[PDB]
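Working notes for the structure below.
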Amino acid sequence: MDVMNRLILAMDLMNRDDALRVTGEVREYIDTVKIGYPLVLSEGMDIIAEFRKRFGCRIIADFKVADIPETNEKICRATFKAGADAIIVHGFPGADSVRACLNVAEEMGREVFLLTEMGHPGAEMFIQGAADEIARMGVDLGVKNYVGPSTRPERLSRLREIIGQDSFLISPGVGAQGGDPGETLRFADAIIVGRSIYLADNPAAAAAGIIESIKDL
Amino acid sequence: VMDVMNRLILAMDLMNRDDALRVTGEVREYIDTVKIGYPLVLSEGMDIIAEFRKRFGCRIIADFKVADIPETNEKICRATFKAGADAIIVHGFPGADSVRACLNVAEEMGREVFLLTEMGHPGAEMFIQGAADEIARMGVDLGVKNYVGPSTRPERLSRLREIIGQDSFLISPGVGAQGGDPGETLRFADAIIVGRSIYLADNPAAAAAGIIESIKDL
Ligand SMILES: O=c1cnn([C@@H]2O[C@H](COP(=O)(O)O)[C@@H](O)[C@H]2O)c(=O)[nH]1
Ligand SMILES: O=c1cnn([C@@H]2O[C@H](COP(=O)(O)O)[C@@H](O)[C@H]2O)c(=O)[nH]1
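These protein sequences, in sequence, are chains B and A. Sequential numbering of the first sequence, starting at 9, is according to the authors' numbering. Sequential numbering of the second sequence, starting at 8, is according to the authors' numbering.
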């Protein structure tokens, strides 16, 4: 996957007008947008097609898929039907639940991104201790796309070690949550940035600044 | 705790508005509580909740298995309650702060959180099962009063009931298609969740009636 400027916009605004306007302001800096439930549940799944029509950008649905296999397949089908190019799935629920997603992605020409470890404080309670095993499960299942935490560069580095240099890795937690753009890119192929951009007084300048700090990479 | 008619909750996972509405209407005389998940919501929009409320006199539980960071969890809960959902199901594996974020929104918006402590599919054995008891204990500590546990694992469901106490409310999916027995599950759960066994039946009403007939004494 070729992500422009190695920067993925996490568009979590919950108003269609603001979401479209802000994304439009930073469109020259990106070509990949991560859309999640905050926006989809507020404005509908048709918003995905609207983004493709207005920006011709890649769409990653950050839906943290975490249900039983049967339901996961239905969720992936509905998501890809709406035009998403990829979907983010939790690994904690087990291999069968991940496989269900991989099946639908293969049938509709999309990609599955396996979320192995999250970066918020609570992730240390249960997720962190299972993260390495979840990553190995991904490798065993043939997963090639992963999501790891910018807030814990040592954990992100370990994830990269497990999956190898060939796998694709994206990482949220940059900016608002404290992650550093440059350091995160030492291990991840692309960084995900939300609030530091869409809540900034001037989103375009915010995006430009981040890219400027990593222009060397 | 919510008074679930016949201790039976319909898992409406059909992905077509016409079929979802028709089947729910066919069993309305037996159920006043419907669980709506992403299969239907992502196919027809959150306004589907409005349609169900308008057409039927049923409570709505949004099975969204919320599993994001605290900030995103808050946004998801706000959007879900804004649409009319009475309650939302949240995953506990992401930790205490992520669950607390949901409880805070539920409290401010006057709605409820159901904590999913353990799942019943085969894959649940890998990581979820070993963390379930602690996730349940965490829920009790956080003040959670509503829980979701697996009908497919009677031993696990029984332990969950012990951990949360008799006052807590517990609902359980996995009955029917996944092999769980209605009566056996109700020994521990306040209500059972049933999807395919009802919505894929030639006559959903007859299927619902049959299940209720098997637990009449309960
Ligand atoms: O471990 C994870 C997984 N996902 N996200 C998601 O990535 C984005 C981060 O946005 P932010 O830059 O505004 O913090 C949000 O959409 C959030 O749900 C995280 O923050 N951390
Ligand atoms: O541990 C869990 C948690 N949730 N569900 C959900 O409960 C319903 C079960 O439906 P079924 O009767 O068709 O199996 C579906 O909506 C499914 O996502 C399970 O099956 N198991």
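Idealized CB from N, CA, C, for every residue including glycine.
Range covered by the alpha helix (DSSP H) that runs through residue i
i, result
"residue 48 of chain A", "45-51"
"residue 116 of chain A", "103-116"
"residue 212 of chain B", "211-221"
"residue 189 of chain B", "189-192"
"residue 54 of chain B", "54-63"
Spatially closest choice to residue i from the options, by CA coordinates
i, options, result
"residue 198 of chain A", "A/105, A/213, A/204 and A/225", "A/225"
"residue 15 of chain B", "B/167, B/202, B/125 and B/209", "B/202"
"residue 120 of chain B", "B/44, B/150 and B/126", "B/150"
"residue 27 of chain B", "B/178, B/167 and B/51", "B/51"
"residue 62 of chain B", "B/142, B/40 and B/116", "B/40"
"residue 141 of chain B", "B/171, B/211 and B/204", "B/171"
"residue 100 of chain A", "A/64, A/70, A/78 and A/143", "A/143"
"residue 64 of chain A", "A/219, A/35, A/86 and A/218", "A/35"
"residue 56 of chain B", "B/88, B/107, B/79 and B/32", "B/88"
"residue 69 of chain A", "A/113, A/37 and A/175", "A/113"
"residue 173 of chain B", "B/182, B/109, B/153 and B/162", "B/153"
"residue 17 of chain A", "A/168, A/33 and A/167", "A/33"
"residue 90 of chain A", "A/206, A/8, A/12 and A/58", "A/58"
"residue 10 of chain B", "B/213, B/217 and B/175", "B/175"
"residue 219 of chain B", "B/22, B/37 and B/21", "B/37"
"residue 128 of chain A", "B/128, B/169, B/20 and B/80", "B/80"
"residue 20 of chain A", "A/213, A/105 and A/207", "A/207"
Extent of the continuous beta strand (DSSP E) run through residue i
i, result
"residue 272 of chain A", "Nothing can be reported for residue 272 of chain A, as the shown portion of chain A is limited to 8 through 225."
"residue 15 of chain A", "15-19"
"residue 35 of chain A", "No beta strand (DSSP E) holds residue 35 of chain A; DSSP gives it neither H nor E."
"residue 72 of chain B", "66-73"
"residue 92 of chain B", "Looking at the DSSP string, residue 92 of chain B is not in any beta strand (DSSP E), and its letter there is neither H nor E."
For residue j and residue i, the rounded distance between their alpha carbons
i, j, result
"residue 159 of chain A", "residue 195 of chain A", "12 Å"
"residue 132 of chain B", "residue 223 of chain A", "45 Å"
"residue 215 of chain A", "residue 190 of chain A", "14 Å"
"residue 102 of chain B", "residue 130 of chain A", "4 Å"
"residue 193 of chain B", "residue 92 of chain A", "40 Å"
"residue 155 of chain A", "residue 125 of chain A", "7 Å"
"residue 30 of chain B", "residue 211 of chain B", "7 Å"
"residue 76 of chain B", "residue 179 of chain A", "14 Å"
"residue 184 of chain A", "residue 54 of chain B", "32 Å"
"residue 165 of chain A", "residue 187 of chain A", "13 Å"
"residue 71 of chain A", "residue 136 of chain A", "20 Å"
"residue 161 of chain A", "residue 167 of chain A", "10 Å"
"residue 182 of chain B", "residue 200 of chain B", "7 Å"
"residue 138 of chain B", "residue 138 of chain A", "10 Å"
"residue 116 of chain A", "residue 148 of chain B", "43 Å"
"residue 163 of chain A", "residue 134 of chain A", "14 Å"
"residue 24 of chain B", "residue 204 of chain B", "19 Å"
"residue 110 of chain B", "residue 13 of chain B", "27 Å"
"residue 226 of chain B", "residue 22 of chain B", "For residue 226 of chain B there is no data in the structure shown, the boundaries of chain B being 9 and 225."
"residue 105 of chain B", "residue 106 of chain A", "22 Å"
"residue 8 of chain A", "residue 157 of chain A", "20 Å"
Integer Cβ distance of residue i from residue j, believed to fall under 8 Å
i, j, result
"residue 67 of chain A", "residue 43 of chain A", "6 Å"
"residue 177 of chain A", "residue 146 of chain A", "About 11 Å separates the two Cβ atoms, so there is no contact after all."
"residue 73 of chain B", "residue 97 of chain B", "4 Å"
"residue 94 of chain B", "residue 118 of chain B", "6 Å"
"residue 86 of chain B", "residue 46 of chain A", "6 Å"
4 or more residues per run - each alpha helix (DSSP H) lying fully within the stretch 120-177 of chain A: 135-149 and 161-171
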